[PDB]
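> Structure of the sequence below:
(chains A, B, C, D, E, F, G, H, I and J)
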Number of protein chains: 10
Amino acid sequence: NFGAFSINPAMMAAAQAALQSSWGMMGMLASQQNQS
Amino acid sequence: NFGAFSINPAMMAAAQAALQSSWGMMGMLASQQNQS
Amino acid sequence: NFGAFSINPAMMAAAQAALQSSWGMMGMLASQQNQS
Amino acid sequence: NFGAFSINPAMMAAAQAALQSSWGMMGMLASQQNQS
Amino acid sequence: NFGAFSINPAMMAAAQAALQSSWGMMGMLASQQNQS
Amino acid sequence: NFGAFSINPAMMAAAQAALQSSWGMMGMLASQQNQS
Amino acid sequence: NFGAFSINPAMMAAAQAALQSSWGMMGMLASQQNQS
Amino acid sequence: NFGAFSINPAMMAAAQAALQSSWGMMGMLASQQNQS
Amino acid sequence: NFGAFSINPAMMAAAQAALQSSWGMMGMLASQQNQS
Amino acid sequence: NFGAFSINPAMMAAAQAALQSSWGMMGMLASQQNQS
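Numbering: from 1, shown residues only, chains lettered A, B, ... in the order given. And now the structure:
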């Protein structure tokens, strides 16, 4: 049903630059329940 | 039914620059229930 | 049903640059329950 | 049902650069329960 | 059901560079319970 | 500024019952950037 | 600024019952960047 | 700034009961970057 | 800044009961970068 | 900055009971990088 999901940041820092980044709590989760 | 979802920020910082970014709680989740 | 998900940041630091990054809590998780 | 998920950051540091990175709590986990 | 998941960072450090990295708590874990 | 947030589901299953539940991607995340 | 967050499900299963539950990707994460 | 976060599920199983549970990828993670 | 986080499930199994549980990938992780 | 984190499950099994539990990949990890 579902996809396939890429994550690809480019990230460049020049001469006297300052850069931060962060990622958290990302992904796939699912449930099934099947009863006679 | 569903997709496939890319995430790709470009991010550039010049000479005396300051840059921050953040990401959280992103993804796919689904449920099924199937009963006789 | 689901995908296959790549993660690939490029990351470049110039002459006097400063760069940080971080990642946490990423992946796949699922559940089944099946009862007669 | 599920994928196969690559993780591959490229990471370059120039002449007087400074770079940090981090990763934690990433993977797959699942459950089954099956009762007569 | 599941995948097979590669991890392969490239990592380059130039002349006067400084680079750190880290990884922790990554893998697969699962459970079964089966009752008559 | 913020709270403190409890999560406490009660959950009861009778004689021949069937019950599933799930939770994912829940928490707090924040950012600061402070520049002279 | 922030809280302190309890998680405490009660969970009861009767005579011939069936019950499943799950939790994933929950917690706190934050970032600082401070530049002269 | 942050809390202190308890996790304490109660969990009871009666005579012919069946019960499963699971937890994964939970905790705290943070970053600092400080540049002259 | 941060807490101190207890984990304490109670867990009871009656006469003919069946019970499973699981935990994985839980803890604290952090990073610093400090540059002149 | 951080805590001190207890883990203490209670766990009781009655007359004809069956009980399993598991824990893995739990702890603290951190990084520093400090450059002149």
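
> Only C-alpha atoms from now on, for both contacts and neighbour counts.
Will do.

> tell me which parts of chain A are close to chain D?
Contact residues (Cα under 8 Å from any Cα of the partner chain) of chain A with chain D: residue A:4.

> Strands along chain A, start to end?
Per DSSP state E, chain A carries strands over the ranges A:12-13, A:24-31, A:34-35.

> Residue F:2 is nearest to which of those?
strand A:24-31 (19.9 Å; Cα to Cα).

> Between strand F:24-31 and that closest one, find me the angle.
In terms of direction (axes from the mean of the first three to the mean of the last three Cα atoms, to 10 degrees), strand A:24-31 departs from strand F:24-31 by 170 degrees.

> Tell me which strands strand A:24-31 pairs with, and in which orientation.
Strand A:24-31 has its sheet partners listed here by DSSP bridges as strand B:24-31 (parallel), strand C:23-31 (parallel).

> which one of these is the most hemmed in?
Stretch with highest mean neighbour count among these: strand C:23-31 (a mean of 26; mean count of other Cα atoms under 10 Å in any protein chain shown).

> just how off-centre is that strand within its chain?
How far strand C:23-31 lies from its chain's middle: 8 Å, per Cα atoms, centre = their mean, to the nearest Å.

> what do you get for stretch A:5-16?
For stretch A:5-16, the distance from its own C-alpha centre to the chain's C-alpha centre is 14 Å (Cα atoms, centre = their mean).

> Okay, buried residues for it please.
For stretch A:5-16, burial by neighbour count (16 or more other Cα atoms under 10 Å in any protein chain shown) applies to A:5, A:6, A:8, A:9, A:11, A:12, A:13, A:14, A:15, A:16.

> which residues does the residue nearest to the spatial centre of chain A contact?
Central residue of chain A (Cα atoms, centre = their mean): residue A:26, 4.9 Å from the mean position. By Cα atoms under 8 Å, 6 or more residues apart in numbering or on different chains, the contact set of residue A:26 is B:24, B:25, B:26, B:27, C:25, C:26, C:27, F:25.

> Identify the farthest-apart pair in those.
So, the contacts of residue A:26 by Cα to Cα: farthest apart are B:24 and C:27, at 13.0 Å.

> outside of stretch A:27-36, which residues touch it?
B:26-36, C:26-36, F:18, F:20, F:22, F:24.

> please redo it, this time with the cut-off set to 6 Å
Residues outside stretch A:27-36 that contact it (Cα atoms under 6 Å, 6 or more residues apart in numbering or on different chains): B:27-36, C:26-36.

> got a list of what residue A:20 touches?
For residue A:20, the contact set (Cα under 6 Å, 6+ apart) comprises B:20, C:20, C:21.

> How many neighbouring residues does residue A:36 have?
By the criterion of other Cα atoms under 10 Å in any protein chain shown, residue A:36 has 8 neighbours.

> Same question for residue A:18.
Other residues within reach of residue A:18, judged by other Cα under 10 Å, total 29.

> tell me the contacts of it?
Residue A:18 sits next to B:18, C:18 when contact means Cα under 6 Å, 6+ apart.

> Tell me which residue of chain A lies closest to chain G.
Nearest residue of chain A to chain G: residue A:25, at 5.6 Å (Cα to the nearest Cα).

> That residue and residue C:23 touch, don't they?
No: counting by Cα atoms under 6 Å, residue A:25 stays clear of residue C:23, with 9.0 Å between them.

> shared neighbours of these two, anything?
Among the neighbours of residue A:25, none is also in contact with residue C:23 (Cα under 6 Å, 6+ apart).

> ok, back up a step: got a list of what the residue of chain A closest to chain G touches?
When contacts are counted by Cα under 6 Å, 6+ apart, residue A:25 touches B:24, B:25, C:25, C:26, F:25, G:25.

> which non-adjacent residue is nearest the second one?
Counting by Cα to Cα, 6 or more residues apart in numbering or on different chains, residue B:25 lies nearest to residue A:25, which is 4.8 Å off, once chain neighbours are set aside.

> Now do the residue in chain A that chain D sits nearest to: how many residues are near it, please.
Among all residues of chain A, residue A:4 sits closest to chain D, at 7.8 Å; criterion: Cα to the nearest Cα. Close neighbours of residue A:4, defined as other Cα under 10 Å, add up to 18.

> Surely it is in contact with residue B:3?
No: contact criterion Cα under 6 Å: residue A:4 and residue B:3 do not qualify, at 7.8 Å.
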